[PDB]
Amino acid sequence: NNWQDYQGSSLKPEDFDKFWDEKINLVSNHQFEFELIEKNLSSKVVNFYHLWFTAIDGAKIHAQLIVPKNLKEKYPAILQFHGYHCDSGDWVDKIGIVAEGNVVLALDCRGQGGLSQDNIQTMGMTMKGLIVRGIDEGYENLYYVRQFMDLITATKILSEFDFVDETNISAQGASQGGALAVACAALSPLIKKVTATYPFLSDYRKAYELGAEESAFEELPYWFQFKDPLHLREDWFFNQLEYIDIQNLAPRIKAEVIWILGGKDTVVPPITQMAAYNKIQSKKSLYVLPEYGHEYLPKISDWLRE
Amino acid sequence: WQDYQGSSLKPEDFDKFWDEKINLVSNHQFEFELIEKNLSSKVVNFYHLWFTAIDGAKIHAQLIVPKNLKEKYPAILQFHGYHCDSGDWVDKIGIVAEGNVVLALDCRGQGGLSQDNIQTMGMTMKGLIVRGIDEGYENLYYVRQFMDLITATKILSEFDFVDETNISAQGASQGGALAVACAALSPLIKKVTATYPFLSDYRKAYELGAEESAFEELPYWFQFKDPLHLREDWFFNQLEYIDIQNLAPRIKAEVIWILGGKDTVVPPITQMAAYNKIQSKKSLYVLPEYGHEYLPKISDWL
Ligand SMILES: [Ca+2]
Ligand SMILES: [Ca+2]
């Protein structure tokens, strides 16, 4: 019941919206060069393509493109994002949803398990963690600033396909993928639907307050342990992360939201995700599996088919 | 433990590769700068030492000097552990008060002030052993980190108040590995005191199951970049160039090797791959009840 009343712990800066408005404009006015190279996997109902484009910062970004065989008609499209450390997953995992008449764009995050390039440069700590990668040069140099812009760029390219129904584009993902799906719908309001599973990257100040050494937010106490153990720049540190806290993007969402989480999740605490969910103002639904944690959630996928 | 020969597959080009890097540093005039540290002491002065490496990165070190300077002093290069920095300035007051010069080097991008400028198309999430491995061993993080050791030794020896004939190196874990590597790439070093050195016997460290050790990056890379082990041979062939057991034979300094018997962070078997290949005067000290932690009593004993 209190999850409704949790307003979050963020300190949204006045300049937040101007920053992201400018980034949206930059993507819209940029003509992106991309390339499609078919991957050799034999199927009777689907074709597979490597999608390579150059981001606004020069980095080479990779995505999985999975399309039906008949391309003479337009299909609804689904943007799918993956979890921390992982990649876009097995190609065959997309055969079912595209066989129903959909186009899937599975984006690879920069410098993780996939093929996308990380080109963040910094004078500070590069040992571990991608939330704080580049934090010394300010929020403008944060890794997720470019990672969020890849979502807008992927949506732009996906929307301009002659076989993609631009009116029915949706986003889905788990953990980090849930955060990126939420950010993708907020930064590209054309998105019609979002299905986010225990989204990450939310309420950094609260995630630190809970004690994050065993959570997915462990890089935050790690940074203080080795970069600022006396907490001399605590305010400055969390002020940079405000620009990549998805709860600050949540109000801008116009898509329908389906939110799924596990009640025993200690990797991504439910309280930090509710900071973002409570600030969604469009149509939203919240589904909980009490006995499950940061893991595969059964049955819920059949429930939503209805 | 004496007869363990290591698991390395030393590449044909290994010595030719590192000989060129030593020559490159030896023939290069490095630009450095000294900036006063505000720490107040009656027996020592503290200085920020900033130099630019041959690759452009800005490298930082702590320089701690006695108050007098008209005569030469023995010098000590000191290196730190994984994730850490050069430590508190006051930790060096005692050793410098005895008439020594301490250069405490900060590793690149590891919590200290030194810059990491490795660029790669591959995984940047975690780990500095495998940082830049996709572009080959030339782009490995520790190739430039090892050259910083040679460069730091170069600058330290060229001070008019440093007795270049009595330069030694010390460190623990990563610092122990860098201390060992420092002696191999600069044989002028007279003494090495290495405490449970890291960065040795990568193939064996993986074979033991490294998920709970300091080598966890190696299974991590396979877990997310190559789960079917399609490039296992290529992976460990790149790491040969930064395995200190391959550098150990060229060491001429006397070596003091200290380790803890219960160490699961850096298993002793990987350390012995490097220690057994040292051919100069060497001694081995073991604390059976201690692990990867502070080792008492041994400092007084020496
Ligand atoms: Ca592939
Ligand atoms: Ca300082």
# chains A, B, ... in the order shown; residues from 1 in each chain; ligands from 1

call {"tool": "residues_around", "arguments": {"residues": "range 68-74 of chain A", "least_positions_apart": "2", "cutoff": "6 Å", "atoms": "only C-alpha atoms", "output": "MDAnalysis selection string"}}
result
chainID A and resid 45:46 163:165

call {"tool": "residues_around", "arguments": {"residues": "range 166-175 of chain B", "least_positions_apart": "3", "cutoff": "7 Å", "atoms": "only C-alpha atoms", "output": "PDB file with C-alpha atoms, in the first residue's frame"}}
result
ATOM      1  CA  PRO B  74      68.444   4.976  -1.728  1.00  0.00           C
ATOM      2  CA  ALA B  75      65.100   4.979  -3.515  1.00  0.00           C
ATOM      3  CA  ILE B  76      62.049   2.742  -3.115  1.00  0.00           C
ATOM      4  CA  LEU B  77      59.319   2.183  -5.703  1.00  0.00           C
ATOM      5  CA  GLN B  78      56.040   1.178  -4.044  1.00  0.00           C
ATOM      6  CA  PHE B  79      52.965  -0.225  -5.789  1.00  0.00           C
ATOM      7  CA  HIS B  80      49.425  -0.823  -4.552  1.00  0.00           C
ATOM      8  CA  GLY B  81      46.754  -3.496  -4.743  1.00  0.00           C
ATOM      9  CA  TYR B  82      43.840  -4.020  -7.099  1.00  0.00           C
ATOM     10  CA  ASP B 163      71.216   7.011  -5.407  1.00  0.00           C
ATOM     11  CA  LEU B 178      54.075  -4.789 -10.308  1.00  0.00           C
ATOM     12  CA  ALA B 179      57.094  -4.889  -7.995  1.00  0.00           C
ATOM     13  CA  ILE B 189      66.765  -2.552  -9.277  1.00  0.00           C
ATOM     14  CA  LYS B 190      68.695  -4.024  -6.358  1.00  0.00           C
ATOM     15  CA  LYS B 191      65.968  -5.529  -4.163  1.00  0.00           C
ATOM     16  CA  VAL B 192      62.351  -6.665  -4.432  1.00  0.00           C
ATOM     17  CA  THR B 193      59.964  -7.352  -1.543  1.00  0.00           C
ATOM     18  CA  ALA B 194      56.813  -8.870  -3.058  1.00  0.00           C
ATOM     19  CA  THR B 195      53.744  -9.833  -1.015  1.00  0.00           C
ATOM     20  CA  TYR B 196      51.327 -12.454  -2.468  1.00  0.00           C
ATOM     21  CA  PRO B 197      51.818 -11.212  -6.053  1.00  0.00           C
ATOM     22  CA  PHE B 198      48.870 -11.226  -8.456  1.00  0.00           C
TER      23      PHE B 198
END

call {"tool": "interface_residues", "arguments": {"of": "chain A", "to": "chain B", "cutoff": "8 Å", "atoms": "only C-alpha atoms", "output": "ChimeraX atom specification"}}
result
/A:85-87,111-119,121-130,226-227

call {"tool": "closest_atom_pairs", "arguments": {"of": "chain A", "to": "ligand 1", "cutoff": "9 Å", "atoms": "only C-alpha atoms and all ligand atoms", "output": "JSON lines"}}
result
{"residue": "A:39", "atom": "CA", "partner": "ligand 1", "partner_atom_place_in_ligand_line": "1 (Ca)", "distance": 7.5}
{"residue": "A:50", "atom": "CA", "partner": "ligand 1", "partner_atom_place_in_ligand_line": "1 (Ca)", "distance": 8.0}
{"residue": "A:64", "atom": "CA", "partner": "ligand 1", "partner_atom_place_in_ligand_line": "1 (Ca)", "distance": 8.5}
{"residue": "A:90", "atom": "CA", "partner": "ligand 1", "partner_atom_place_in_ligand_line": "1 (Ca)", "distance": 8.7}
{"residue": "A:91", "atom": "CA", "partner": "ligand 1", "partner_atom_place_in_ligand_line": "1 (Ca)", "distance": 8.3}
{"residue": "A:114", "atom": "CA", "partner": "ligand 1", "partner_atom_place_in_ligand_line": "1 (Ca)", "distance": 8.5}
{"residue": "A:115", "atom": "CA", "partner": "ligand 1", "partner_atom_place_in_ligand_line": "1 (Ca)", "distance": 8.3}

call {"tool": "atom_distance", "arguments": {"atom1": "CA of residue 8 in chain B", "atom2": "CA of residue 186 in chain B"}}
result
22.2 Å

call {"tool": "select_by_dssp", "arguments": {"residues": "range 207-294 of chain A", "states": "helix (DSSP H, G or I)", "output": "PyMOL selection string"}}
result
chain A and resi 207-209+219-227+234-244+246-252+270-277

call {"tool": "select_by_dssp", "arguments": {"residues": "range 82-296 of chain A", "states": "strand (DSSP E or B)", "output": "number ranges by chain"}}
result
A: 103-107, 128, 164-174, 193-197, 256-262, 284-289

call {"tool": "write_last_selection", "arguments": {"atoms": "C-alpha atoms", "output": "compact mmCIF listing (two decimals), in the first residue's frame"}}
result
# COMPACT_ATOMS: atom_id res chain seq x y z
CA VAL A 103 9.40 -6.98 -36.12
CA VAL A 104 11.92 -7.25 -33.27
CA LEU A 105 14.91 -4.96 -32.78
CA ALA A 106 17.12 -6.37 -30.00
CA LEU A 107 19.67 -3.71 -29.06
CA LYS A 128 34.15 -1.61 -13.00
CA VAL A 164 7.24 -1.36 -39.78
CA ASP A 165 3.88 -0.01 -38.63
CA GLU A 166 5.18 3.13 -36.93
CA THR A 167 1.85 3.53 -35.10
CA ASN A 168 2.32 0.27 -33.14
CA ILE A 169 5.86 0.34 -31.73
CA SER A 170 6.34 -1.08 -28.23
CA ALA A 171 9.23 -1.69 -25.83
CA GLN A 172 10.05 -4.58 -23.51
CA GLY A 173 12.92 -5.68 -21.28
CA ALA A 174 14.06 -7.11 -17.93
CA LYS A 193 3.28 0.20 -25.16
CA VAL A 194 5.99 -0.74 -22.65
CA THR A 195 6.39 -4.02 -20.72
CA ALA A 196 9.09 -3.55 -18.07
CA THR A 197 10.27 -6.30 -15.71
CA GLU A 256 0.62 2.11 -21.69
CA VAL A 257 2.83 0.57 -18.99
CA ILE A 258 2.88 -3.03 -17.78
CA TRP A 259 5.18 -3.40 -14.76
CA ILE A 260 6.32 -6.84 -13.57
CA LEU A 261 8.50 -7.60 -10.55
CA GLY A 262 9.31 -10.32 -8.03
CA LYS A 284 -0.24 1.57 -16.06
CA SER A 285 -0.61 -1.87 -14.50
CA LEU A 286 1.54 -3.51 -11.83
CA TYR A 287 2.01 -7.29 -11.48
CA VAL A 288 3.85 -9.02 -8.62
CA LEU A 289 5.09 -12.58 -8.17
